[PDB]
C-alpha cells in the first residue's frame, strides 16, 4: 500500500475512469517527495508548493494507497458527464491525481513528529493549475 505501484495503481485507475492518459514512476521524484515529506514531517503541515503536488496527513495505518484513495474520495465531486468539478465543495485533490498534463509521478511517505503519517506526491508540469484543463 506504499510501493511505487500502490500509488500508481490508484492514480492510473482514476485517470482510466475518465479516460485520461497514464503516468510513470520517476524514482527520483519519489525520493524528492519522501525527502520533502521526511523533513517537513518535523512540522507535519500540508505545505508543499501548491500547484503540482498532492499532500496527505492521516492518523495511524495511513498508507500511500489510502492517501491516493482519500484524494479520489472526491470521486462524485468530479463529473465527466459535465467535464468539470460539480457545484460541490472540496474538489482540490482528485483534479491533480487525474491531471492529464502531468506524465511524471513520484511520491513518498514520512512519519510526522506527532505520531501521524505525512504523504507527498509530486507531479510536473504543474497541476491543479488554472491555465489548461485537468481532464
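Each position is counted from 1, following the chain as shown.
Cβ coordinates come from backbone N, Cα and C, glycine included.
Pulled from Swiss-Prot:
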type     : residues : note
DISULFID : 44-112   : disulfide bond
DISULFID : 85-91    : disulfide bond
DISULFID : 107-121  : disulfide bond
DOMAIN   : 8-123    : domain 'SCP'
MOD_RES  : 1        : pyrrolidone carboxylic acid
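Shown here: features listed in Swiss-Prot, placed on the structure.
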| residue | record | Cβ within 10 Å |
| --- | --- | --- |
| 1 | pyrrolidone carboxylic acid | 16 |
| 44 | disulfide bond | 18 |
| 85 | disulfide bond | 17 |
| 91 | disulfide bond | 19 |
| 107 | disulfide bond | 28 |
| 112 | disulfide bond | 18 |
| 121 | disulfide bond | 27 |
Q: Check the Cα-Cα distances from residue 112 (disulfide bond) to the recorded positions 1, 85, 91, 121 and tell me which is shortest.
A: 121
Q: Consider the recorded positions 1, 44, 107, 121 and say which one has the Cα lying nearest the Cα of residue 85 (disulfide bond).
A: 121
Q: Can you grab the distance from residue 91 (disulfide bond) over to residue 107 (disulfide bond)? Cα atoms, rounded to a whole Å.
A: 20
Q. If H, G and I count as helix, E and B as strand, and all else as coil, what does DSSP give for residue 121 (disulfide bond)?
A. strand
Q) For residue 107 (disulfide bond) and the residue listed as 'pyrrolidone carboxylic acid', what Cα-Cα distance in Å is obtained after rounding to a whole number? A) 12
Q: To the nearest whole angstrom, state the Cα distance for the pair residue 44 (disulfide bond) and the residue listed as 'pyrrolidone carboxylic acid'.
A: 20
